[PDB]
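Take a look at the structure tokens below, where one protein chain is shown in two forms, each on its own, as structure 1 and structure 2.
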Structure 1
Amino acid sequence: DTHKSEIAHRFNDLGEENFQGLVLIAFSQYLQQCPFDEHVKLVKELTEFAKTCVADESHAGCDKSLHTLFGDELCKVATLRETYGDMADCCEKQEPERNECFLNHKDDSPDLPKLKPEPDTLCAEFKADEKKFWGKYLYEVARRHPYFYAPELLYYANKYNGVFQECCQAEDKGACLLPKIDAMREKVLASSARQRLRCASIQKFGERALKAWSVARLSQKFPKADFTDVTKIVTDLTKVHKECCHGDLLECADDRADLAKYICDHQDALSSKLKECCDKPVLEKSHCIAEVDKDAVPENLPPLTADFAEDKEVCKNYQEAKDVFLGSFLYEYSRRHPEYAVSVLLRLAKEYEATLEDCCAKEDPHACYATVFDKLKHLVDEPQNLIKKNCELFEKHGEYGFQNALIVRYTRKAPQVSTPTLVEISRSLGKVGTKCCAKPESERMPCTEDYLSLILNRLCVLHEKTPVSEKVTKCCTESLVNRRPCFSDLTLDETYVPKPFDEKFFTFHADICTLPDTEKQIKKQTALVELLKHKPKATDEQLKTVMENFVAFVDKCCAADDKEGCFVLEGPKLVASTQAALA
């Protein structure tokens, strides 16, 4: 797969809208800190050429590689912000270390303003210049989530655009889109969290880890497929994900559309559930597929024991072709159990392997593994006690109150982890309870255990930037499969030494009165954590006390005429009230 020109080939195979979309998405992801203007300049230029090259392919440079042009028209034209302690230098170096540099400056927590949707303003920018508006949703998003799966972002930018198109005619604009962009915002964050797991697997964990996940995912959705065609899909689908993580975004997309086609040529041996998706346009297509409902468990399927427990050849197979035998086990197990979460299924493929390892060198392997499946059914007991026990706590306290309980756990579990992180993480776990505890339990486990896999991974990439807690590095590093369990076990690090007391961590101002509900809670929960870090041993009761006083006090002072003065006047009292009172 070489061409007269890679760029003209991508431009033809993608068109202008998506071409530009992805190109801007690349830059926004490299240079997360340059404003949107500069970006669109550069997109037009490589958009310039692509036409030049559809026009005449033999033209000077039409032949260079994609890293090349992206580099030259990013680097030598405007050597943007050397200030980046990272970026300045790669510039002058060539193929392909220069691009290799570029990628590795990606920042996973770039701390730009969190934008809160204001309808009247938003509707307006949509009326002013509908295409900029769409470009800025890309730049804004992509720049916050430098590993967002690019094609899937385009499809999201067009959805957002369909909401403004539907809603701005209305008289209460708000009651129209706010909701619609709310539940959409979630979809996009889960999308981001899910492709960072992919990327982080391929890198800390080997690409084989990626294929295993995918192999479970697809064997539930296409339960009626052969193992060979599942492996064929998981094969190319991984190349897709591979490129996207690798920044070959354009390659990534063209390649995702082929796989979508291929999937539609064979929709027959795949599922009688893909025909909607298989005549939709390009991107709707790929989004639809990935998300299609799990086909029906085929009829009259052999017991699993037939090949994984009674067959005599088990140990031979395991020894002659380990991966093969095991992928097959994974397929055969997943297509029979859609109610299971991909995360759990892998712990089970892993456990079955542990058992083989063990018995295949005992003297009578079959007596040892013959009962394996009865064992396996029970490993699911834990992740379901866990979810049950955490849901009750949630329905009890409701969301905020759940979050606040998770804050005490996780702070006690990893006190060395920075406060924004304990706050961020602690808030997403909380939410899973909102997202899942009402689900039928045939969708629950999947729900719950899937998200936890995404939230923990977030935990992991924040932490491994600035490692501080050893237990966490362990949980993050040992087995991708056992992470959730690992972290759940964490007990209070008895190694920890208290933060020294500090009035600013409990100083409060009258902004609390006025901020949105999210900013208000993050404020309070940020205090909780610091309270913990400074007294880790502290009894839950002592905390309730302490939170209770903070609350009453935010009230007495938010009802005041002069709100700030209040905060200046009783503030101390509440400080003092905290230190000696619950010392």
Structure 2
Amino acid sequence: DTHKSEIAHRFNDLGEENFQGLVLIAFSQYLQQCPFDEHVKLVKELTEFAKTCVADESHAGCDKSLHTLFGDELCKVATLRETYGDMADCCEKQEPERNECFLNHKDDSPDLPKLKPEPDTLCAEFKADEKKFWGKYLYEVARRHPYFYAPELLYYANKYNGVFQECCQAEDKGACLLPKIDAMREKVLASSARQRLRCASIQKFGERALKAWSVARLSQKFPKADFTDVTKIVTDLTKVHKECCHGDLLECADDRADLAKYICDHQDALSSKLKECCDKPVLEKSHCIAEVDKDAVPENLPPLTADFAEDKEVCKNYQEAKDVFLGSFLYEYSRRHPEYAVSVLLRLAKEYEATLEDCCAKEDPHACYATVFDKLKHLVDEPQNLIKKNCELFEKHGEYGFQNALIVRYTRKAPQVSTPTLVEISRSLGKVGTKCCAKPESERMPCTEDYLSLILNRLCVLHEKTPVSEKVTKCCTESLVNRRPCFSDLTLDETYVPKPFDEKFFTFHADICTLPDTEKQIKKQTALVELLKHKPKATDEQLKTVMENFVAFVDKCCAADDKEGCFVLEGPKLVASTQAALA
């Protein structure tokens, strides 16, 4: 029955608290530069209207689309044009174009103040008003991460409240809190980047691209499931993801809850690992299901060669329904190989497709396709060889030195990219060494390829907004499945014209001496990028000499009596020695 008030329905389904949270998240993601207490006022107006429609669904306006109602609140914001410029032009449109226009203005790098955890203040805020404290967390994250997957953010906010519940009772609040914040922050940044990649997949490559990624991932998690159980779940899951990517946050959350319930009702057909998820309350249940471990591969699965290489009829089977035959290939390959990266499984399925396209046209197709697994294996061997070599490099240098080796590599590949992005991306890539290299053998390929696909996606999302390198545009737009190898294959960009030495990056005031370590690292890594932008062909030894003099010089002026005097008067010596080392 379609005679439904949508707002009433979502309020009925989700409950007041989650409804309010999701509405607050929607406003914070679309209007990232509005204060908390202004969005709270809008949430409260829409909650009062929802409750009116719950009481009486025939009440005037209860029949508007939820998204239409929300858009209307946006366009009634007095400071819309003033703060968001021509985002206010979006107000002239009809749905769904109005919404697509709003989504166009979400800012991926709003460069908002860095949140410093002050444990004494936060514990006071928390004790003062817990709900406010909860909403302030949803607002601060959502406005920094405007594609953050909204129901997961509700889950993280409950865990964030739990952290303060335990830690505020301690004597040293700081010692309890800070390691937990740190843990949270890494999990929330990864989560943001994961959902950002799902949104950019849908938008730039079609919803079929995301479906293929999810078929591969779900078949590895739930290897006893039938192909059509996987395609049903992937279909519902992709609709949830797309709804969240399109800002339909109440519908995304409501659908997600229905999917969690479906998976728990069918847990016998899917995975034994689901049992611990399925008695949890709804947000925790869903989270637990998304993070579930790969079930054990069943015994007795026939070898892949039986259907895909050995069988006489591969071409006939393929030609009858090419898409279904390849989806089934992907599913069969993925359930069998939890130790492969999902992107490697997609690359395997693409190459299997190209082989059949080629072989099935020949006189004797079977002699040509019988050996396809030998043609495929280089797609497993190449990433395995890269992972071994990059994890060695990581163990040789440590995380910071590995970040610096990545700075050199990426600035050579993409020297037109702005310095702060080269630094951010190289720092994130270096942390993949920390996150993955010490893992069990069967987890290293999924771990490193997954993180690379998140971080290269972040580069692609930034570069889409201000494209400066043709080679980045090619790697970012050509094919999602080959994005990571496309970047690995970039060498020194030969079209790049060097800039003059940008000496501000090698000149400091005394306040450098008391920067926290992360910030000192960033100052040094920024200089390193700038070296390469001035001298793209500089040798690793030249770079090392320079950077060694650099740290020697900062060390010396930091230990001076008159620090600023040293930096200012001795500074040009560093700048001349740097130009000599590079000559």
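Counting starts at 1 with the first residue of structure 1 and goes up one by one along its sequence. Between two forms, the rigid core is defined as the largest C-alpha subset superposing within 1.5 Å.
**Student:** Given a rigid core superposition of the two forms, which one of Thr466, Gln94, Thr228, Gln169 has its CA shift by 2 angstroms or more between structure 1 and structure 2?
**Tutor:** With the rigid core fitted, the residue that moves is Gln94.
**Student:** Taking the rigid core as the superposition reference, indicate whether the CA of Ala361 shifts 2 angstroms or more between structure 1 and structure 2.
**Tutor:** Not so; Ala361 is displaced by less than 2 Å.
**Student:** Using a rigid core alignment, state whether the CA of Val77 is displaced by 2 Å or more between structure 1 and structure 2.
**Tutor:** Superposed on the core, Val77 moves its C-alpha 2 Å or more between structure 1 and structure 2.
**Student:** Determine, after fitting the two forms on their core, whether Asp562 shows a C-alpha shift of 2 Å or more between structure 1 and structure 2.
**Tutor:** After core superposition, the C-alpha of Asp562 moves 2 Å or more between structure 1 and structure 2.
**Student:** By how many angstrom does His67 shift at its CA between structure 1 and structure 2 when the core is held fixed?
**Tutor:** Between its two positions, the C-alpha of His67 lies 2.1 Å apart after core fitting.
**Student:** Once both forms sit on the same core, give the Cα displacement of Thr526 between structure 1 and structure 2 in angstrom.
**Tutor:** With the rigid core fitted, the alpha carbon of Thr526 is displaced 1.2 Å between structure 1 and structure 2.
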